Amino acid sequence: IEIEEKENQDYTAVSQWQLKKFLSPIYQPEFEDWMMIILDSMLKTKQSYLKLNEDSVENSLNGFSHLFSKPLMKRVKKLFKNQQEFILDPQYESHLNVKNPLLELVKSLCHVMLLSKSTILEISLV
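In case it helps, the deposited numbering puts the sequence shown at residues 1923 to 1975, 1994 to 2033, 2043 to 2072, 2100 to 2102.
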């Protein structure tokens, strides 16, 4: 930004664990969860910066974890409603996408969040 006051845009990236893993039938929901976690954390970080005047890093993951806690339970209910042995479900296109990227992001920050370690049963060279 050349006026340096407003319009801070954003996006994210996608995992490297979906090329060795050939097919993910809930891949669009994982991409939607990854694009919804960073946007609500940006809004919570702006709210923490407006309320402040370490501390603001832990304050963004509370609202971010609550907003992702409702969609993860909805996503888990929608994933448990379907079955992998169906012919229509295998003809159209499921538990590694909820565990593995969350495994790589629980140790990302020192500041713990609300539902951090409670997601156990809540449902390469150069």
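Note that the Cβ used here is the ideal one computed from N, Cα and C, for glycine as well.
Go ahead and pull the three-state DSSP assignment for residue i.
i	result
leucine 2007	helix
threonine 1967	helix
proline 1947	coil
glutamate 1998	helix
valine 2016	helix
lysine 2066	coil
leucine 2101	coil
Using the Cα positions of residue i and residue j, report the straight-line distance between them to the nearest angstrom.
i	j	result
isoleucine 1925	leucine 2012	39 Å
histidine 2060	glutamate 1998	5 Å
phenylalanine 2026	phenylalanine 2020	13 Å
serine 2065	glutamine 2024	28 Å
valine 1936	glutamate 1954	11 Å
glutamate 1994	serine 1970	11 Å
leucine 2007	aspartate 1962	8 Å
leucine 2001	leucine 1974	15 Å
So residue i is in the alpha helix (DSSP H); what residue range does that whole segment cover?
i	result
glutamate 2053	2049-2054
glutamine 1938	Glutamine 1938 -> no alpha helix (DSSP H), and no H or E assigned at all.
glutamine 1931	Taken as a continuous stretch (DSSP letters only), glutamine 1931 belongs to no alpha helix (DSSP H), as it is neither H nor E.
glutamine 2031	2028-2032
Taking 8 Å as the cut-off, is the C-beta of residue i nearer than that to any heavy atom in the ligand FAD?
i	result
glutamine 2024	This structure lacks the ligand FAD, and indeed carries no ligand of any kind.
List the whole-angstrom C-beta distance separating residue i from residue j, where the pair is believed to meet the contact cut-off of C-beta under 8 Å.
i	j	result
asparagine 2049	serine 1946	No, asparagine 2049 and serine 1946 are not in contact; Cβ-Cβ is about 11 Å, not under 8 Å.
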